[PDB]
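First comes one chain, alone, set out as structure tokens in the form deposited without the named molecule.
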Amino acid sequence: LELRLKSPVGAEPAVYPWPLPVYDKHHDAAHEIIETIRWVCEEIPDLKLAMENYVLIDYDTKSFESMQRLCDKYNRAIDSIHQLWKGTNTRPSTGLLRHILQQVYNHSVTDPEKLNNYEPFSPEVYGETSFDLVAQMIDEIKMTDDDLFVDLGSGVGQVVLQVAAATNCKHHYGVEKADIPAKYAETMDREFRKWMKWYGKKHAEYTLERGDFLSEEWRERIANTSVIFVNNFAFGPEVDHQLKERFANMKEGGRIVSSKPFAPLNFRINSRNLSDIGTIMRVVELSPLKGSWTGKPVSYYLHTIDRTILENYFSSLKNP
């Protein structure tokens, strides 16, 4: 007993067992099947024509025969369209990406109890504000092929997968120290690549890793990163202090996107604060409410390595 969904690009079919898995009280694999068919029909206009109207209105998620009717109607339409293309990979849309990331998480994080995360910006609630906030950030930082993106404490890899699907960075890295999210990130990686192939969607190169970003190996790695992303909201003072030390080795124009600023927004250099990281970096608050945002009143911080802050203070002492 199983349900099969044919790929719009001829990849290996999506195979679901019956009874279908349940994700939570209001979310299950049946709704995922319905939403996948709908997204495929949205992106392929010919497919919508081929597929009968009623099929997506009258379905019973709790009926094997009903779900199988729904799956067969889609598959036949996939077959009709593949015969039409016989007679002679882009980036996913934002909408489709939200669906893919949720789908990848649903298939990967099978026991979310195991995460022990009660934080408001945790993997279990990613689609709520994070997806939209990360999307707002991608539009604001505007990375190129010369950039290398690192998420320090990447969890199950959701930020890395979103940025990789949206940008053209040389490479995207995610580093996670903790055992449980790092083991789930291995499945997230497999599922992401499988589903992206199924939809026929392109993504940048990315690596999800297990490791301590405060290690010796990661000192030179932070130093050579152009865009660092770090949710440092719960970070201790020692972790904060150590990170500032790693950031002090970054190149001019290097950027750090974070939840809490690493330097005051109103930092003013003087004879007493010359050790502070604020002497070598600009800091701005980016709030989607300032930048048609109707979500949570959230903000993130953009830091830019700029050693001219320090250079100017010295030139000012030498040239009054």
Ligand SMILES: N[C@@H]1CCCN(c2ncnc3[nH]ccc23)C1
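Residues carry their position along the shown sequence, with the first being 1.
Keep in mind the form deposited with the named molecule bound is missing from the figure; the text below concerns it.
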| item | value |
| --- | --- |
| Segment that reaches the named molecule in the bound PDB entry - one of 91-99, 197-205, 76-84, 174-182, heavy atoms within 4.5 Å | 174-182 |
| Contact test in the bound PDB entry: residue 213 vs the named molecule, heavy atoms, 4.5 Å | yes |
| Contact test in the bound PDB entry: residue 112 vs the named molecule, heavy atoms, 4.5 Å | no |
| Interface membership of residue 248, the named molecule in the bound PDB entry, 4.5 Å heavy atom rule | no |
| is_contact(residue 143, the named molecule) in the bound PDB entry, heavy atom dist at most 4.5 Å | no |
| Check all three, 21, 23 and 104, heavy atom within 4.5 Å of the named molecule in the bound PDB entry | no |
